[PDB]
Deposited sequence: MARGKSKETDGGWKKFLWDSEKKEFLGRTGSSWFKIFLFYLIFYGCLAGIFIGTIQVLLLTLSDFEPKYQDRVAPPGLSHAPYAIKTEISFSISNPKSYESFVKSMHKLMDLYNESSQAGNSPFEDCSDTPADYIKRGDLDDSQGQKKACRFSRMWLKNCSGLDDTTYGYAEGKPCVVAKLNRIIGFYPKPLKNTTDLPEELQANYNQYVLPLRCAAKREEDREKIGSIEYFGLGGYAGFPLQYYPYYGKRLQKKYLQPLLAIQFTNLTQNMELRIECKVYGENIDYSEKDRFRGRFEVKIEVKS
């Protein structure tokens, strides 16, 4: 033929069949032992998610949400993702004492449901009403963005203490139980309005620590609705929403490390 005879062509096939078969069987074996060394409830390493990311619902083309108020299908793209998220926080999804629980309607302290063990059933998560998100189809004019803190197993978000000076200096400082979120731009051509649990501009600490998908399915993380009823129009406004805390940090590279990058433009 090309290389060899039929007899040789066969033997080279019988070899590579057994050979690659063995190699596949060995590869699988090493994957088995790897998995055997891992927990079902907690990942081996967590230093790469460490400082929590802050992500929002409006799917930004490039950290930007520009549209026209005087146009219907101009914002119907951002309403798709906005709906996708809030559709999960339905009351019909949170039914019965299992696996949900009614928690303080005001920001409270942490809740420990034991260890990362299966020695108990599904760890009961705090309910969250999308109805706590006042004012927010969504904002056809002047968007109503929804913030979110990235989930990390066993992470206890710790707010800053009012020992020294603060950006939003001491205003509504629920020091003991709220992780604040203050959006900014100089360039003050807007109108910041925050909505959340208990009416505070933060995340209620009663939703922590997260026990993971395996130990807490259907779990709901707290949301923070933000509305920009800015009196300006037809210009790119670089708005940055920042979260503050002891376990919260940022990076010049990762522009989502505990903060937002939104470029709103109501070009109408």
item	value
Coordinate gaps, deposited numbering	1 to 24, 161 to 168, 218 to 222
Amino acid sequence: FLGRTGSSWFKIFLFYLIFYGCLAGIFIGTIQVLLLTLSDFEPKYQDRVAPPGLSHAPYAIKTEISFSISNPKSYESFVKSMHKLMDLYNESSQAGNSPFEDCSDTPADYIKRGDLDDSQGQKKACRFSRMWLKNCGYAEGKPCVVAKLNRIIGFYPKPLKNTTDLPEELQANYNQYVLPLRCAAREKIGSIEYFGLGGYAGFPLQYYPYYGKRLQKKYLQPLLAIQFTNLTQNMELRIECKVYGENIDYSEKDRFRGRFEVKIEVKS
From here on, numbers count along this sequence of modelled residues.
query	finding
Residue stretch of maximal mean CA temperature factor, 242 to 250 vs 16 to 24	242 to 250
Higher-scoring stretch by recorded Cα B factor average, 152 to 160 or 76 to 84	76 to 84
Per the PDB entry, maximal CA B factor within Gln216, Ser70, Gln46, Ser39	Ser70
Highest-ranked of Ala50, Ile65, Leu34, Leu220 once sorted by CA temperature factor in the record	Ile65
Entry-reported Cα temperature factor of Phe228, expressed as the chain third it lands in	highest
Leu170, C-alpha B-factor rank within chain (lowest, middle or highest third)	highest
CA B-factor placement of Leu205, once the chain's modelled residues are sorted into thirds	lowest
Cα B factor band for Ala184 (lowest, middle or highest third within the chain)	middle
Record-listed C-alpha B factor of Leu54: chain third	lowest
